[PDB]
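These notes concern the structure reproduced below.
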Amino acid sequence: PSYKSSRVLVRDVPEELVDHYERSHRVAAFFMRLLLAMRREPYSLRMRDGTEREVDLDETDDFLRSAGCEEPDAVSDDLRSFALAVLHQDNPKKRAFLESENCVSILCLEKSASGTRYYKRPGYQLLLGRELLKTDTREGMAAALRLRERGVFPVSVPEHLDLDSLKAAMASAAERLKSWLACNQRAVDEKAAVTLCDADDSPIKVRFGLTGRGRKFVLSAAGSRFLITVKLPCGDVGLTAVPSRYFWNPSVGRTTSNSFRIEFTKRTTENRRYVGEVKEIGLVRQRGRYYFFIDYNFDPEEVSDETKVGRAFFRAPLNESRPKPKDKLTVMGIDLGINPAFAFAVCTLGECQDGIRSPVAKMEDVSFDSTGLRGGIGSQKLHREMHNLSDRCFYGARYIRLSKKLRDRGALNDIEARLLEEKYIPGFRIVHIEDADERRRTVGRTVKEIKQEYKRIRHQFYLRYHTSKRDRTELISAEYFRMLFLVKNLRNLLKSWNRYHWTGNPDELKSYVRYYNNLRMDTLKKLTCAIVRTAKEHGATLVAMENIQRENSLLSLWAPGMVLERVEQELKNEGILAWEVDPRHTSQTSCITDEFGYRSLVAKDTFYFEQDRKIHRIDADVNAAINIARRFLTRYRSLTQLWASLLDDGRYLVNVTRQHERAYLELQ
RNA sequence: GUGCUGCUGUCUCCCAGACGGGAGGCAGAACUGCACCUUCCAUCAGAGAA
DNA sequence: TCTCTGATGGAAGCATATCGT
DNA sequence: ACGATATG
């Protein structure tokens, strides 16, 4: 399934819900401990502080004694088998408990008929009642039945709770056990600590379901706010939620499949009404505030099978056979940078209208009609200011370490002395004084000036959204990455200056780190949204993206795979299929003649090539986008660089590793 | 609702101390702008910086 | 030596089937 | 037809 989540806030939570939350957490922790003890194996427990304790077998045995297991050793085998079955450690086919929570009825409640029912077994064929297929029962349930026959399986839970809530507690605790056990299983493969639930330290989602996993809830919508009604055993509690711009103007109607169909509005630029289905809700507490996690299923946009066959045809190497798309697909190719956010080129199969002609494998040529650059310079002055301040912070950190060395040592090395005067002093823009006492005073004055300039820059980067120039603000721009670099450099400089007096801090630059992470996440989301919007506006169904997996680069800001994966996921959710293309020599090869050209370094936005013995120039980013699209459509028909080695008599032997090289080589 | 995301006034804590920096609490003023699947866990590494 | 990511994992975000009234 | 478990 496909999930999307958000959170809503509830302000005046009654005492009954707080009691339910605390009791659910307590019984969940008890369930963690009980299952781990039934496993009968020592394990490491980590508390809030961080210290690790090795829980001995005696603690396990006495906890089982407290639960009701007077002789755990006598029933050690069956207890171990049941505990392993609950943790999904048996073979996935013919599982004792398809869902872990389903084990509560035979574990906690008295007078339970679980384990003696054959109604859902597939052997029940009607076209008898006495066909008792209890011989093929699972070991997990068979051990469970045996222990109840011993009269010791129904444990004394720390607090009385309804069967439905116990199911949610089992769900959370067993999912935590399954998450932990796999990590521990990997630990012994190399040749893992345990964290328990807490009300506020390590909270769990107290879940309310509509089919048995937790108490039922009735979610409605009034005005512009949700209304959650939890059916607690004590009574019905009605909760109102603070209105959210995520679920703006919501309308909800109960369906016939125990689900709520929510229709709302997410953004503000458009009035598009997203539709989702809610079947389970989650309650959490953080910073003394109670939140509800609305995790709703949604239907991704339908993708035509012809798009799939076209992607399969185009992604395959030339030395292969795949069916032709045979339809009028749309292929949009982009490259990712930081001075421009990205550049795109759009083409349609089977059309040529006064555009950059590109061959298509086993088809006619195509002309790129729409070519453009999205995201870049918003205001030149602001970008220049961020660049200057980032360089100033960089050279300030260098100068501060050099000054700290100079004050104590009293002398400088030949390399450092030349480096300081030639590079660091002009970069930090601070006059140099020999007296070390007030040298730190001048340094502090310069740092204060830097902080004031940074505050002014940030205030401008905030006022971009709150002036009459609100409409001219682009969706994304190069100022995001520059501001991220400036934040990193300023954090670095402040961290160096704060320890100038050295010849820790539990909190240090937490505001700066939080701002850096939030700005990074927002920049990623805005870039993904801009790419998706550009792809959708042109009607493109195939997207060829430069594979950036192979300073002033995106790699210094994000993981190489993270951006790519996010874009793939969003494009697929919007019913667009995307492929990553090898970006080698894309920025250095002309898209007109497929020849090496000149990429200017004084102005990195201009690419020079030769056509008909007359030097032409073009934009170096649309050139890369068109090269990516041409490479995708031609199925790597032409290579630029060949890896080879010399054996003898000046005759180089071509090295063949990738399949693309093999296909091209046999075509010549 | 979480962020982009700040300003003014005032107060508290911390690190140098007399040039300064960091972390927070309330009260106001301007703003109707853009985007948003998230929760929890364990191991191993990259960074930087004393 | 210490913090903070960051990698790369792991677990999650319900549905049908009867009897009994 | 809806509640109470119980199991794919």
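Labels used: A, B, ... for chains in the order of the structure tokens, numbers from 1 for residues in each chain, and numbers from 1 for ligands as shown.
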
Given only C-alpha atoms (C1' of nucleotides), how would the per-residue table for chain C near chain A read, listing every residue at most 8 Å away with its closest atom pair and distance in Å to one decimal, sorted by chain and number, as a tab-separated table?
```
residue	atom	partner	partner_atom	distance
C:6	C1'	A:559	CA	7.8
C:10	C1'	A:179	CA	4.9
C:11	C1'	A:179	CA	4.3
C:12	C1'	A:175	CA	6.9
C:13	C1'	A:295	CA	6.1
C:14	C1'	A:211	CA	6.9
C:15	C1'	A:211	CA	8.0
C:17	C1'	A:120	CA	5.9
C:18	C1'	A:119	CA	6.4
```

query = Could you write out, as a PyMOL selection string, all the residues of segment 220-443 of chain A that DSSP marks as strand (DSSP E)?
reply = chain A and resi 220-222+225-231+236-240+248-254+260-265+273-286+289-297+330-336+342-348+356-358+366-368+371-374

message = Ranking A:239, A:557, A:161, A:79 by minimum distance to chain B and counting only C-alpha atoms (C1' of nucleotides), which one comes first?
response =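 Smallest distance to chain B is found for A:557.
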
inquiry  = Select, as a ChimeraX atom specification, those residues of chain A with any atom no more than 6 Å from chain B (distances computed using only C-alpha atoms (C1' of nucleotides)).
reply    = /A:4-5,7-8,183,192,244,441,444-445,459,462,465-466,526

For the selection you just gave me, I'd like the residues written to a file as a PDB file, in the first residue's frame, keeping N, CA and C atoms.
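Heads up, here's the output in result_0.pdb:
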```
ATOM      1  N   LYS A   4       0.524   8.191   3.322  1.00  0.00           N
ATOM      2  CA  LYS A   4       0.961   9.562   3.536  1.00  0.00           C
ATOM      3  C   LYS A   4       0.482  10.000   4.910  1.00  0.00           C
ATOM      4  N   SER A   5       1.341  10.700   5.644  1.00  0.00           N
ATOM      5  CA  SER A   5       1.071  11.002   7.039  1.00  0.00           C
ATOM      6  C   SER A   5       1.127  12.498   7.297  1.00  0.00           C
ATOM      7  N   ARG A   7       0.180  15.272  11.051  1.00  0.00           N
ATOM      8  CA  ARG A   7      -0.155  15.297  12.465  1.00  0.00           C
ATOM      9  C   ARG A   7      -1.101  16.450  12.757  1.00  0.00           C
ATOM     10  N   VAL A   8      -1.961  16.242  13.754  1.00  0.00           N
ATOM     11  CA  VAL A   8      -2.877  17.268  14.230  1.00  0.00           C
ATOM     12  C   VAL A   8      -2.734  17.370  15.741  1.00  0.00           C
ATOM     13  N   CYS A 183      18.018  -6.487  13.986  1.00  0.00           N
ATOM     14  CA  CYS A 183      19.298  -5.822  14.204  1.00  0.00           C
ATOM     15  C   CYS A 183      20.242  -6.699  15.017  1.00  0.00           C
ATOM     16  N   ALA A 192      23.668  -5.764  20.316  1.00  0.00           N
ATOM     17  CA  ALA A 192      22.483  -4.930  20.158  1.00  0.00           C
ATOM     18  C   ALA A 192      21.802  -4.693  21.501  1.00  0.00           C
ATOM     19  N   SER A 244      -5.576  22.623  10.764  1.00  0.00           N
ATOM     20  CA  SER A 244      -4.276  22.450  10.137  1.00  0.00           C
ATOM     21  C   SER A 244      -4.359  22.844   8.671  1.00  0.00           C
ATOM     22  N   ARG A 441      40.318  41.102  21.096  1.00  0.00           N
ATOM     23  CA  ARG A 441      39.269  42.119  21.108  1.00  0.00           C
ATOM     24  C   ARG A 441      38.869  42.502  19.689  1.00  0.00           C
ATOM     25  N   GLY A 444      36.888  39.654  18.249  1.00  0.00           N
ATOM     26  CA  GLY A 444      35.515  39.667  18.722  1.00  0.00           C
ATOM     27  C   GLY A 444      34.682  40.743  18.055  1.00  0.00           C
ATOM     28  N   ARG A 445      35.278  41.913  17.820  1.00  0.00           N
ATOM     29  CA  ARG A 445      34.568  42.963  17.095  1.00  0.00           C
ATOM     30  C   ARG A 445      34.213  42.512  15.683  1.00  0.00           C
ATOM     31  N   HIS A 459      17.294  38.281   7.730  1.00  0.00           N
ATOM     32  CA  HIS A 459      16.072  39.074   7.738  1.00  0.00           C
ATOM     33  C   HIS A 459      15.607  39.382   6.320  1.00  0.00           C
ATOM     34  N   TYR A 462      14.061  36.335   4.921  1.00  0.00           N
ATOM     35  CA  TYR A 462      12.719  36.154   5.458  1.00  0.00           C
ATOM     36  C   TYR A 462      11.724  37.139   4.853  1.00  0.00           C
ATOM     37  N   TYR A 465       9.358  36.806   1.610  1.00  0.00           N
ATOM     38  CA  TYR A 465       7.999  36.282   1.649  1.00  0.00           C
ATOM     39  C   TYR A 465       6.988  37.252   2.247  1.00  0.00           C
ATOM     40  N   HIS A 466       7.403  38.456   2.642  1.00  0.00           N
ATOM     41  CA  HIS A 466       6.508  39.343   3.382  1.00  0.00           C
ATOM     42  C   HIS A 466       6.656  40.790   2.931  1.00  0.00           C
ATOM     43  N   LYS A 526      10.936  21.564  -1.769  1.00  0.00           N
ATOM     44  CA  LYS A 526      10.594  22.539  -2.799  1.00  0.00           C
ATOM     45  C   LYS A 526      11.199  22.164  -4.145  1.00  0.00           C
TER      46      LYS A 526
END
```

Sorted by chain and rising residue number, which residues of chain A lie within 12 Å of chain D, and what are their closest atom pairs and distances in Å to one decimal, counting only C-alpha atoms (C1' of nucleotides), as CSV?
```
residue,atom,partner,partner_atom,distance
A:93,CA,D:8,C1',11.4
A:94,CA,D:8,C1',10.0
A:95,CA,D:8,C1',10.0
A:96,CA,D:7,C1',9.9
A:97,CA,D:7,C1',8.4
A:98,CA,D:8,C1',7.2
A:99,CA,D:7,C1',9.1
A:100,CA,D:7,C1',11.5
A:101,CA,D:7,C1',11.3
A:102,CA,D:7,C1',7.9
A:103,CA,D:6,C1',10.5
A:104,CA,D:6,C1',11.2
A:105,CA,D:6,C1',8.9
A:106,CA,D:6,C1',10.6
A:109,CA,D:5,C1',11.5
A:111,CA,D:5,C1',11.5
A:112,CA,D:5,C1',8.8
A:113,CA,D:6,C1',8.1
A:114,CA,D:6,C1',6.3
A:115,CA,D:6,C1',8.5
A:116,CA,D:6,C1',9.4
A:117,CA,D:6,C1',7.4
A:118,CA,D:7,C1',8.7
A:119,CA,D:7,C1',8.2
A:120,CA,D:7,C1',6.0
A:121,CA,D:8,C1',8.1
A:122,CA,D:8,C1',9.0
A:141,CA,D:7,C1',11.8
A:163,CA,D:5,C1',10.1
A:164,CA,D:5,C1',10.7
A:211,CA,D:5,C1',11.4
A:212,CA,D:5,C1',9.6
```
